[PDB]
Amino acid sequence: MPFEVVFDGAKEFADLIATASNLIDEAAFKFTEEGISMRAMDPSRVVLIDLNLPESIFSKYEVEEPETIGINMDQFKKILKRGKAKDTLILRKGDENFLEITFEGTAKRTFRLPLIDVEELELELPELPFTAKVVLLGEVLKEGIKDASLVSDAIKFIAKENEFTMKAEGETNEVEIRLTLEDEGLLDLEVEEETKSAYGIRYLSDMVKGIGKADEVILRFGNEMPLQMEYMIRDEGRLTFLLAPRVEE
Amino acid sequence: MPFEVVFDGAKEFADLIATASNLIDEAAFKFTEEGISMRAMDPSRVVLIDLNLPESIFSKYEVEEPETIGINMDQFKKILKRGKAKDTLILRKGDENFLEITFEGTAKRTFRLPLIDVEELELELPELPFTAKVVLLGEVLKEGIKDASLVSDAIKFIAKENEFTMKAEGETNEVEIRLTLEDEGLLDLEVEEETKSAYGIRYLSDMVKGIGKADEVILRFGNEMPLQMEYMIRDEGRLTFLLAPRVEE
Amino acid sequence: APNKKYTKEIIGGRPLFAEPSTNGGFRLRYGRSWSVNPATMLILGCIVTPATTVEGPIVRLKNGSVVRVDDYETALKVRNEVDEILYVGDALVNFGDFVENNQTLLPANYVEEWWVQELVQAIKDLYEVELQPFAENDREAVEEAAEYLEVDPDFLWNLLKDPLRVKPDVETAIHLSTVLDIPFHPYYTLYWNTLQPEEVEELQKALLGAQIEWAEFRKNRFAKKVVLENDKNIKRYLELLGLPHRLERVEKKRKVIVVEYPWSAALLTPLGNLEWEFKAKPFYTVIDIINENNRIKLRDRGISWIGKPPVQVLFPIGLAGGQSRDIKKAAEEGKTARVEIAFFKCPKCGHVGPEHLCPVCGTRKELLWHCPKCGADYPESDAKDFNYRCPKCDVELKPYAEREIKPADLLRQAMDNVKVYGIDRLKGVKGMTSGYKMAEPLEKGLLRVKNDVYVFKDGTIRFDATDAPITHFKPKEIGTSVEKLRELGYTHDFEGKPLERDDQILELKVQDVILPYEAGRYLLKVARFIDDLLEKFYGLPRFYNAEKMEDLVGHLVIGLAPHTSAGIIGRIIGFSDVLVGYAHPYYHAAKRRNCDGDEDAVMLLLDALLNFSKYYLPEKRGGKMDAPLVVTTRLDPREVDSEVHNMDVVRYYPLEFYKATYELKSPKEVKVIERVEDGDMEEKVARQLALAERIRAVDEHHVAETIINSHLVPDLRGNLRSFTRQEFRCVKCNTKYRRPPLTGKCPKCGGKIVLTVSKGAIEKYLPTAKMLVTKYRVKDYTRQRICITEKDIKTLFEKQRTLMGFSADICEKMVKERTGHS
Amino acid sequence: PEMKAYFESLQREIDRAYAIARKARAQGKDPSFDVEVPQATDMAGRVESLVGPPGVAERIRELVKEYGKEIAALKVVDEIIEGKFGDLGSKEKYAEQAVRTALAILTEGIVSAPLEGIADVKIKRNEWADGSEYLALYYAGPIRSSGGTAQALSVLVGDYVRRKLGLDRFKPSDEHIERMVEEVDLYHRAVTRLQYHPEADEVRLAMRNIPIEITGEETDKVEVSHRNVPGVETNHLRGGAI
DNA sequence: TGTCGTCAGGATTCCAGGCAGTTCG
DNA sequence: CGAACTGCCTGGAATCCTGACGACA
Ligand SMILES: [Zn+2]
Ligand SMILES: [Zn+2]
């Protein structure tokens, strides 16, 4: 139960947990000898967020025993609003339900909070054949989704051999973006067959606005199977969103 | 009663007037041969905001008769909000019930405004002997007061030898800030006993919205004594906030 | 009558949620002419009334022990660690209530006052000792009584002063009971009126199989403590008895209970220290069997079971103001206004305007008359000379006319009149209900706006307040000093003794006010506005000169209830700390209680004298009241005839009716009566917490309700009717209601048209019924649930689904169950 | 004892406030020159300020304090109908004033029902069956919560003034009783919940027992099945009379 | 006459990219 | 002699208390 994690500057982790809170409120961080893990489902059982951070991310990391703790997303969002980019985040926990967040600098800050428990059921996602993989930049996808957000909500991604297309249909508007290997927004392609699927972009737009511009993304999808967008944190941690498309035309 | 003030640093004057006005409306300006004094008053009658600006800071400070005039700086904040950093300001008053504001950086901007009349009695500050004198800058107190306001409603100040602790207490989460010699922003302090006081942020986070950075803020208080928070600019201009101790026993 | 009342109580609140442990009734304390202890309200549906000076209920905590609620501190301490509610407490209902429709007599109880009255009467007729009960006794009488009863004279004095406060020890109680064979002590008498003697036999067996230690006092072979094991018998009635015991766990046994004195003797001495043998006999209650197998007869204790728009100023703008109708906005825009208003005319200056006095000159302008049909104008003299008839148009001469005016430039007059320009938000009226549609002081309206107070459509300033009279009055509670009452005019107490003690129980004064801090602050703001206006209107010195909360105590205010055209004048003597208050039976009569409103509006005399005008009353229709036309202050309650009847009302217990209560007497016996007289979050949380506390009280055993369906089915029908009607309204074109046929946009306003969806309420009410049907299973409503869910589904026609679904739903479960059963 | 002196001091302060208000209103900056809220002397003053007439206070006090309030009000209404203090208009106006004064006296002058809730009272004849009479009681807004006791007392005083005037018994027609029971069931089932669920036979017995017919006013825009009923100006719902 | 939902709306603070001042081969 | 690296600061936008509306009992 007791642990201590010290890191000089955690604005990335702050905005990450802010996006997780905007996604869902009930979340439990499992602390194991390897690091931290979290898996948040959806109240409408349509979206799944997963994150893992090993012990090669923060500066100081001392854990006693692997367990599962819970932190309120509202109480955390009421905490990250004071995180300076040049601060030293220190998360301390003992045996009692007291969580300490410490910051060292021009004034020693220390906030104590109660620790409630979360009992969300965890189940391993079954393996599914992707048949479509691609690695792109985050800024291009973010600006495309922000340009196609106001016209409609169903954005259609089509992928063929060395070809990608992001389109936005409708009745009084149409948007189209082409992507090839010699373009300025595609890093690499691993397409297998001709796939095409339309997805909603509310949670998409929120989660891609929460992520910075220089970060990269890896999309895995198929014909009509759910999409998985993954990315890496400091080349050590992993974070993946997963959500199914719509059946309509 | 005619007088005139030609000043350079209109941006500094405007932000200082806004900071004096961010707290509360009432403000009696006293024009004297020794300088410009000001006593700002509130309906709560708990906080008195007395500033003094001498002739050394003013570029051209010409007086003919010392007089007091009561104004609310809320309606006057519209004109001083707009303005560059390097310019010339001229505040003139004559025998008529009008005030002339000349703005000249590179062109002419004259403003003839009416003179409102508010009736209030000047109350002298209680110069009680204290046992705690701590000097700092504005950023630390700004952060602490904003954290207390957005977290809870009660706060307790405890001063000991080279140790200034402020415990913001509420119901769920509890904040604490520590000030020691390691903080380069914190200056020396005169403290002989463990001075304890209690405050709230019901009317404290206002002036924070106007607190700058290059202004040395000294605070004098004792064991549950009225806090005299004076702050100096350019080693010549002074502005003190005298507040009664909102303590609970 | 009691069964009929219990059945008719189903018309309101969640039905079929009665506690099986304690019967559905409160205590009966006969008083001349309801009140429940606030401890039950803190531990927690009808009209409420506070009574804090009495005892409270008894419950059990999380530790397993049982304790009773006594005072506010302990109530607030244990108001969160409760496990199950056993008893409801001892609330007071009286006999002087004007109840009709053959309300039968509620069974009374053996009270301590009646008990000690019987005791003193018995000792008086036996040992020939005269005494005066219900008060402090005389020296010689109390001395001879103490000598006869082996008690202390000061203790007897304190007992006669207050028997509930000064409770005697059970040892001396049984000692004095052994001399007269009087019934048992009620306060230390459990409720046994709901147990079977066959189960009582097992109780005595478990008591014999337990541990017991004794202690005796003055030839009374009573006891000292009983240690029992909770597994020796069924703990159902052992917990339903409602006795404070102590629980112990680490004693070589899982559940151990211990009852010490003065709580173990209260259960052992009625059983005769387990000396005689108990037997089961039908048609004879446990108390009857006890009185049979004992030389002492007892009585019963628990037998009484009874059961927008927020307009501020009056400025007619109509559509010229649109929706907000901001005079500042209108002045900035510089637009006209077509109003049907009455204009004035000055004989000297000649200016025309809707104001009363002409501010340009020093006189007041007169009112001109105009025929709206024709184009003629005539003054009041010509109007009264021409018999109020115009030769051009044969219409009655009306003072007002319909024409255009420019408040944009007309506002400068009011500005220079008020001389103060402190205003942030201020709007005028939209419609006029009066026939003459007279004006309103714009200066007073601007002053009210700058004071930032509320107002109704009446035309004056009145604020709501809730009060409830009580039988006594205490300066300690009302917050007034002895010297303050002396300089007020009080020189003696309710018994003639001088006023020296702050805790002096007094009779309820007529002109006293227990009024909350919010009402006090509103009255302070009203007085500030009043002094400002009287210093800015005519230059009058401040009469009240009130600037603090305590300075208002002493002046006079006026109360008024709906359907009451007369304002009751009261004096400002008192205050309040709680959100409620108290009143007087004369200030609050039946016409002010059953008048479609319990609260009453308060006002100041100067406010009425300065802002009251009959022209503020509508022509034909009217609100909850007409107008505070006349003040009234004289309510002489038989001064020279029945002053004793008016004064002698508090703290009397009729021994005659207490003895003659179990004989099925007629409650309508006027002779005996005269003889004895002589959003969503708060509501949802409250409903869920009420259900939870009812479940804790009934020990997790309940059924479904009916008012949920009585709210849902009309909601569904109204929702369907609104969806089939679809009456729209243009946004800026606020008056022109657009037809349900869509024409794209409003032809007079090229924008969206606000529609009446009315679908957000049912979408939020559905989870309530879902959680209710998930917690409790009931029939006859799963059809309604599936119908409303499918209605929402096919009105929207859940378009996305993953490979792993399995959405848990008791609705789908019951649907599949019924499908398989079909 | 000293309570009389305390009330005298209270009325002295009230008179001081009244003199202050009069000195203020002496300038005349409002269309009003007299005191709008005067102090009542007794129930006689209350009923005189409510409906008047201004000067029957002496007779009211004499009758009440000499013979009891009930027969006092009875004789007062008798005198008002007979016109002892003079004439005030027509017989309909006399009956209206008598009913209003009687109701204000029996209610002690607290309820404004006869003041504004019941606007006018007229007598109308039956031009269909035999020429009997009905009270056209033009009501108003503030009558929907007039109070059950006040409504019963108004019915009593109406029957009393009808017996005084000597009118004929109205013949309850089939269409009249049908529309009455229709309005009753409509108000009970759709308009608003009722405090006492009535019965068809009971309301029929009541409508047959009322000697002269009663015709109220309009309440809401709800029609009936039998359109154009003789006697009523429209076919709306008389929920107020119900 | 009490309650409950929706909508827009303008005033507010927070975030981000352009204008400006500044130390590096 | 040019290029990143900040302050900062003002535009753009998300948030929200207030002011309209309709629904039931
Ligand atoms: Zn004039
Ligand atoms: Zn005419």
# chains A, B, ... in the order shown; residues from 1 in each chain; ligands from 1

call {"tool": "calpha_fit_rmsd", "arguments": {"fixed": "chain A", "moving": "chain B"}}
result
1.7 Å

call {"tool": "closest_atom_pairs", "arguments": {"of": "chain C", "to": "chain D", "cutoff": "6 Å", "atoms": "only C-alpha atoms", "output": "JSON lines"}}
result
{"residue": "C:356", "atom": "CA", "partner": "D:30", "partner_atom": "CA", "distance": 5.7}
{"residue": "C:357", "atom": "CA", "partner": "D:29", "partner_atom": "CA", "distance": 5.4}
{"residue": "C:563", "atom": "CA", "partner": "D:111", "partner_atom": "CA", "distance": 5.4}
{"residue": "C:564", "atom": "CA", "partner": "D:110", "partner_atom": "CA", "distance": 4.9}
{"residue": "C:565", "atom": "CA", "partner": "D:110", "partner_atom": "CA", "distance": 5.4}
{"residue": "C:566", "atom": "CA", "partner": "D:110", "partner_atom": "CA", "distance": 5.9}
{"residue": "C:621", "atom": "CA", "partner": "D:141", "partner_atom": "CA", "distance": 4.3}
{"residue": "C:622", "atom": "CA", "partner": "D:142", "partner_atom": "CA", "distance": 5.2}
{"residue": "C:629", "atom": "CA", "partner": "D:37", "partner_atom": "CA", "distance": 5.4}
{"residue": "C:630", "atom": "CA", "partner": "D:37", "partner_atom": "CA", "distance": 4.8}
{"residue": "C:631", "atom": "CA", "partner": "D:39", "partner_atom": "CA", "distance": 4.9}
{"residue": "C:632", "atom": "CA", "partner": "D:40", "partner_atom": "CA", "distance": 5.3}

call {"tool": "write_last_selection", "arguments": {"atoms": "N, CA, C and O atoms", "output": "PDB file, in the first residue's frame"}}
result
ATOM      1  N   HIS C 356     -46.220  62.078 -11.950  1.00  0.00           N
ATOM      2  CA  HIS C 356     -47.204  62.739 -11.099  1.00  0.00           C
ATOM      3  C   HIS C 356     -46.895  64.226 -10.944  1.00  0.00           C
ATOM      4  O   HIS C 356     -47.698  65.082 -11.330  1.00  0.00           O
ATOM      5  N   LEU C 357     -45.735  64.547 -10.382  1.00  0.00           N
ATOM      6  CA  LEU C 357     -45.321  65.924 -10.165  1.00  0.00           C
ATOM      7  C   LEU C 357     -44.404  66.383 -11.291  1.00  0.00           C
ATOM      8  O   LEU C 357     -43.614  65.604 -11.830  1.00  0.00           O
ATOM      9  N   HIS C 563     -56.236  35.776   1.720  1.00  0.00           N
ATOM     10  CA  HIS C 563     -57.666  35.860   2.018  1.00  0.00           C
ATOM     11  C   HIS C 563     -57.955  36.730   3.238  1.00  0.00           C
ATOM     12  O   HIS C 563     -59.049  36.658   3.810  1.00  0.00           O
ATOM     13  N   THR C 564     -56.997  37.555   3.653  1.00  0.00           N
ATOM     14  CA  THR C 564     -57.156  38.462   4.788  1.00  0.00           C
ATOM     15  C   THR C 564     -56.925  39.886   4.292  1.00  0.00           C
ATOM     16  O   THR C 564     -55.782  40.294   4.065  1.00  0.00           O
ATOM     17  N   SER C 565     -58.010  40.640   4.125  1.00  0.00           N
ATOM     18  CA  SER C 565     -57.921  42.028   3.689  1.00  0.00           C
ATOM     19  C   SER C 565     -57.548  42.982   4.817  1.00  0.00           C
ATOM     20  O   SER C 565     -57.493  44.195   4.587  1.00  0.00           O
ATOM     21  N   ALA C 566     -57.295  42.473   6.020  1.00  0.00           N
ATOM     22  CA  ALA C 566     -56.937  43.292   7.171  1.00  0.00           C
ATOM     23  C   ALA C 566     -55.537  42.924   7.636  1.00  0.00           C
ATOM     24  O   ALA C 566     -55.221  41.741   7.796  1.00  0.00           O
ATOM     25  N   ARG C 621     -60.159  40.835 -12.032  1.00  0.00           N
ATOM     26  CA  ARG C 621     -59.532  39.705 -11.351  1.00  0.00           C
ATOM     27  C   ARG C 621     -58.733  40.132 -10.127  1.00  0.00           C
ATOM     28  O   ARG C 621     -58.715  41.308  -9.765  1.00  0.00           O
ATOM     29  N   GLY C 622     -58.072  39.169  -9.491  1.00  0.00           N
ATOM     30  CA  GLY C 622     -57.279  39.457  -8.314  1.00  0.00           C
ATOM     31  C   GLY C 622     -56.444  38.258  -7.931  1.00  0.00           C
ATOM     32  O   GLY C 622     -56.765  37.116  -8.275  1.00  0.00           O
ATOM     33  N   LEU C 629     -55.930  46.853   3.083  1.00  0.00           N
ATOM     34  CA  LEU C 629     -56.672  48.109   3.114  1.00  0.00           C
ATOM     35  C   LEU C 629     -56.649  48.751   4.496  1.00  0.00           C
ATOM     36  O   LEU C 629     -56.464  49.968   4.615  1.00  0.00           O
ATOM     37  N   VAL C 630     -56.840  47.962   5.552  1.00  0.00           N
ATOM     38  CA  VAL C 630     -57.048  48.496   6.893  1.00  0.00           C
ATOM     39  C   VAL C 630     -56.200  47.710   7.885  1.00  0.00           C
ATOM     40  O   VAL C 630     -56.110  46.481   7.808  1.00  0.00           O
ATOM     41  N   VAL C 631     -55.568  48.429   8.814  1.00  0.00           N
ATOM     42  CA  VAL C 631     -54.801  47.814   9.891  1.00  0.00           C
ATOM     43  C   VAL C 631     -55.725  47.563  11.075  1.00  0.00           C
ATOM     44  O   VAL C 631     -56.708  48.281  11.293  1.00  0.00           O
ATOM     45  N   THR C 632     -55.416  46.507  11.827  1.00  0.00           N
ATOM     46  CA  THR C 632     -56.181  46.099  12.996  1.00  0.00           C
ATOM     47  C   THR C 632     -55.217  45.685  14.097  1.00  0.00           C
ATOM     48  O   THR C 632     -54.251  44.960  13.840  1.00  0.00           O
TER      49      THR C 632
END

call {"tool": "residues_near_ligand", "arguments": {"ligand": "ligand 1", "cutoff": "7 Å", "atoms": "only C-alpha atoms (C1' of nucleotides) and all ligand atoms", "output": "PDB file with C-alpha atoms, in the first residue's frame"}}
result
ATOM      1  CA  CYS C 346     -48.662  71.438 -16.117  1.00  0.00           C
ATOM      2  CA  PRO C 347     -50.672  74.694 -16.018  1.00  0.00           C
ATOM      3  CA  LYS C 348     -47.528  76.854 -15.768  1.00  0.00           C
ATOM      4  CA  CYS C 349     -44.832  75.074 -17.791  1.00  0.00           C
ATOM      5  CA  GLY C 350     -47.007  72.954 -20.082  1.00  0.00           C
ATOM      6  CA  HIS C 351     -44.845  69.823 -20.183  1.00  0.00           C
ATOM      7  CA  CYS C 358     -43.699  68.254 -12.694  1.00  0.00           C
ATOM      8  CA  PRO C 359     -39.943  68.308 -11.957  1.00  0.00           C
ATOM      9  CA  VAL C 360     -39.243  71.265 -14.267  1.00  0.00           C
ATOM     10  CA  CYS C 361     -41.339  73.659 -12.174  1.00  0.00           C
ATOM     11  CA  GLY C 362     -42.072  73.531  -8.440  1.00  0.00           C
ATOM     12  CA  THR C 363     -45.719  72.403  -8.654  1.00  0.00           C
ATOM     13  CA  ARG C 364     -47.572  69.196  -9.527  1.00  0.00           C
ATOM     14  CA  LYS C 365     -49.100  68.785 -12.979  1.00  0.00           C
TER      15      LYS C 365
END

call {"tool": "residues_near_ligand", "arguments": {"ligand": "ligand 2", "cutoff": "6 Å", "atoms": "only C-alpha atoms (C1' of nucleotides) and all ligand atoms", "output": "PyMOL selection string"}}
result
chain C and resi 371+374+376+390+392-393

call {"tool": "residues_around", "arguments": {"residues": "residue 44 of chain A", "least_positions_apart": "4", "cutoff": "10 Å", "atoms": "only C-alpha atoms (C1' of nucleotides)", "output": "ChimeraX atom specification"}}
result
/C:798,800-801,805,807

call {"tool": "write_last_selection", "arguments": {"atoms": "N, CA, C and O atoms", "output": "short mmCIF file (atom, residue, chain, number, x, y, z; two decimals), in the first residue's frame"}}
result
data_model
loop_
_atom_site.label_atom_id
_atom_site.label_comp_id
_atom_site.auth_asym_id
_atom_site.auth_seq_id
_atom_site.Cartn_x
_atom_site.Cartn_y
_atom_site.Cartn_z
N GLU C 798 -28.95 3.88 -29.39
CA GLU C 798 -28.26 2.59 -29.40
C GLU C 798 -27.97 2.14 -30.82
O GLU C 798 -28.43 1.09 -31.26
N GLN C 800 -24.63 2.04 -31.99
CA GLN C 800 -23.30 1.44 -31.98
C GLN C 800 -23.25 0.32 -30.95
O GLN C 800 -23.77 0.46 -29.84
N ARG C 801 -22.62 -0.79 -31.32
CA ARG C 801 -22.51 -1.94 -30.44
C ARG C 801 -21.22 -2.68 -30.74
O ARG C 801 -20.83 -2.83 -31.90
N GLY C 805 -21.16 -7.24 -25.43
CA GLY C 805 -22.23 -6.43 -24.87
C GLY C 805 -22.63 -6.87 -23.48
O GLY C 805 -21.94 -6.56 -22.50
N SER C 807 -25.41 -6.08 -21.56
CA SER C 807 -25.83 -4.97 -20.72
C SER C 807 -26.83 -5.46 -19.68
O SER C 807 -27.93 -5.90 -20.03
#

call {"tool": "select_by_dssp", "arguments": {"residues": "segment 6-198 of chain A", "states": "alpha helix (DSSP H)", "output": "ChimeraX atom specification"}}
result
/A:11-23,73-77,138-147

call {"tool": "residues_around", "arguments": {"residues": "segment 2-5 of chain E", "least_positions_apart": "4", "cutoff": "7 Å", "atoms": "only C-alpha atoms (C1' of nucleotides)", "output": "count of residues only"}}
result
3

call {"tool": "residues_around", "arguments": {"residues": "residue 97 of chain B", "least_positions_apart": "5", "cutoff": "12 Å", "atoms": "only C-alpha atoms (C1' of nucleotides)", "output": "PyMOL selection string"}}
result
chain B and resi 1-2+69+92+112-117

call {"tool": "residues_around", "arguments": {"residues": "residue 9 of chain F", "least_positions_apart": "6", "cutoff": "12 Å", "atoms": "only C-alpha atoms (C1' of nucleotides)", "output": "ChimeraX atom specification"}}
result
/B:84 /E:16-20

call {"tool": "write_last_selection", "arguments": {"atoms": "N, CA and C atoms (P, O5', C5', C4', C3', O3' and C1' of nucleotides)", "output": "CSV table (one decimal), in the first residue's frame"}}
result
chain,number,residue,atom,x,y,z
B,84,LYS,N,-0.8,51.8,-23.6
B,84,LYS,CA,0.5,51.1,-23.8
B,84,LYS,C,1.3,51.3,-22.6
E,16,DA,P,-3.2,24.8,-25.0
E,16,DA,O5',-3.0,25.6,-26.3
E,16,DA,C5',-4.0,25.8,-27.2
E,16,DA,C4',-3.7,26.9,-28.2
E,16,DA,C3',-2.3,26.9,-28.8
E,16,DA,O3',-2.3,27.3,-30.2
E,16,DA,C1',-2.8,29.0,-27.7
E,17,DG,P,-1.3,26.6,-31.2
E,17,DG,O5',-0.9,27.7,-32.2
E,17,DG,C5',-1.9,28.5,-32.9
E,17,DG,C4',-1.6,29.9,-33.0
E,17,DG,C3',-0.2,30.2,-33.7
E,17,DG,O3',-0.3,31.3,-34.5
E,17,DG,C1',-0.2,31.2,-31.5
E,18,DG,P,0.8,31.6,-35.7
E,18,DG,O5',1.1,33.1,-35.6
E,18,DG,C5',0.1,34.1,-35.8
E,18,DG,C4',0.4,35.4,-35.1
E,18,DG,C3',1.7,36.1,-35.5
E,18,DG,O3',1.5,37.5,-35.5
E,18,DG,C1',1.7,35.6,-33.2
E,19,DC,P,2.6,38.4,-36.3
E,19,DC,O5',3.2,39.3,-35.2
E,19,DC,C5',2.5,40.3,-34.5
E,19,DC,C4',3.2,41.0,-33.4
E,19,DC,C3',4.6,41.5,-33.8
E,19,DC,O3',4.9,42.7,-33.3
E,19,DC,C1',4.8,40.0,-32.0
E,20,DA,P,6.3,43.5,-33.6
E,20,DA,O5',7.2,43.2,-32.3
E,20,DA,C5',6.7,43.6,-31.0
E,20,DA,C4',7.6,43.1,-29.9
E,20,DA,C3',9.1,43.4,-30.1
E,20,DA,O3',9.7,43.9,-28.9
E,20,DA,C1',8.8,41.1,-29.7

call {"tool": "residues_around", "arguments": {"residues": "residue 235 of chain D", "least_positions_apart": "5", "cutoff": "8 Å", "atoms": "only C-alpha atoms (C1' of nucleotides)", "output": "MDAnalysis selection string"}}
result
chainID D and resid 222:224 227:229

call {"tool": "write_last_selection", "arguments": {"atoms": "N, CA, C and O atoms", "output": "compact mmCIF listing (two decimals), in the first residue's frame"}}
result
# COMPACT_ATOMS: atom_id res chain seq x y z
N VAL D 222 -63.21 25.24 -21.72
CA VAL D 222 -63.58 23.84 -21.84
C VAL D 222 -65.05 23.77 -22.20
O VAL D 222 -65.90 24.32 -21.48
N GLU D 223 -65.37 23.12 -23.31
CA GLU D 223 -66.73 23.03 -23.79
C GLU D 223 -67.44 21.80 -23.22
O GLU D 223 -66.84 20.97 -22.53
N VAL D 224 -68.73 21.69 -23.51
CA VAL D 224 -69.55 20.58 -23.03
C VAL D 224 -70.18 19.87 -24.22
O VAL D 224 -69.95 20.24 -25.38
N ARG D 227 -74.50 21.88 -26.41
CA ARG D 227 -74.13 23.25 -26.75
C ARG D 227 -75.36 24.16 -26.74
O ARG D 227 -76.49 23.71 -26.95
N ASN D 228 -75.11 25.45 -26.49
CA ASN D 228 -76.15 26.48 -26.48
C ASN D 228 -77.24 26.15 -25.46
O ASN D 228 -78.41 25.96 -25.80
N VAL D 229 -76.84 26.09 -24.20
CA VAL D 229 -77.78 25.84 -23.12
C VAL D 229 -78.52 27.13 -22.79
O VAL D 229 -77.88 28.19 -22.71

call {"tool": "atom_distance", "arguments": {"atom1": "atom CA of residue 636 of chain C", "atom2": "atom CA of residue 650 of chain C"}}
result
19.0 Å

call {"tool": "closest_atom_pairs", "arguments": {"of": "chain A", "to": "chain B", "cutoff": "8 Å", "atoms": "only C-alpha atoms", "output": "Markdown table"}}
result
| residue | atom | partner | partner_atom | distance |
| --- | --- | --- | --- | --- |
| A:78 | CA | B:151 | CA | 7.8 |
| A:82 | CA | B:147 | CA | 7.7 |
| A:105 | CA | B:183 | CA | 7.1 |
| A:106 | CA | B:183 | CA | 4.9 |
| A:107 | CA | B:179 | CA | 5.6 |
| A:108 | CA | B:178 | CA | 4.8 |
| A:109 | CA | B:177 | CA | 4.7 |
| A:110 | CA | B:176 | CA | 5.2 |
| A:111 | CA | B:175 | CA | 4.4 |
| A:112 | CA | B:174 | CA | 5.3 |
| A:113 | CA | B:173 | CA | 4.8 |
| A:114 | CA | B:172 | CA | 7.0 |

call {"tool": "closest_residue", "arguments": {"among": "B:211, B:154, B:135, B:79", "to": "residue 23 of chain B", "atoms": "only C-alpha atoms"}}
result
B:211
